[PDB]
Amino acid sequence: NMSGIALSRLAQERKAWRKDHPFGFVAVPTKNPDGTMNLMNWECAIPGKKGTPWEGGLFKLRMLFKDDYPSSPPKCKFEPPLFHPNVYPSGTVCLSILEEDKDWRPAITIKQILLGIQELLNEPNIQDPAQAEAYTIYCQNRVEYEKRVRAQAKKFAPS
């Protein structure tokens, strides 16, 4: 419908992704009950970065687009929610590029988003806490922090 602009961009994104993407990353649209392809809801997976405490884990994330996309950024949500200073308890990611009033630009691609999030994993934004627990531990006890993360990466290790 009025979603023509969004769908059109979303199809370009899908196409470009298939064409080329980062190793280990996953990004695929969901299927409507009717076996059809729902371009407004993607299921993604981000691999923990090598040489970090996230290393080895495969973190599943859901990307939800609005009718006005790309005017607005998608909503990114970890399923299940991750322990991290910038991830709300709902699993929603707190990241400047994901905010219209902030750093979001219509030209930003899905790949960039995913890479941005991955990057965020090992480089928390202490200035913008989304959750009490992870933020406290991070500040109060780095050691315990990495410990929690490790256990986490381990819990989300792909077969």
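For every residue, the number given is its place in the sequence shown, counted from 1.
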### Message
Please compare 6-14 with 136-144 and say which has the higher mean C-alpha temperature factor in the record.
### Response
136-144
### Task
On mean C-alpha B-factor from the PDB entry, just flag whether 107-115 or 26-34 is the higher one.
26-34
### Query
For the listed residues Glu123, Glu99, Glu43, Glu55, which one has the largest C-alpha B-factor as given in the deposited model?
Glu55
### Message
Lowest, middle or highest third: which one holds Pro70 when the chain's residues are ordered by CA B-factor from the entry?
### Response
lowest
### Task
Comparing against every modelled residue in the chain, figure out the third that the C-alpha B-factor of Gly91 lands in (lowest, middle or highest).
lowest
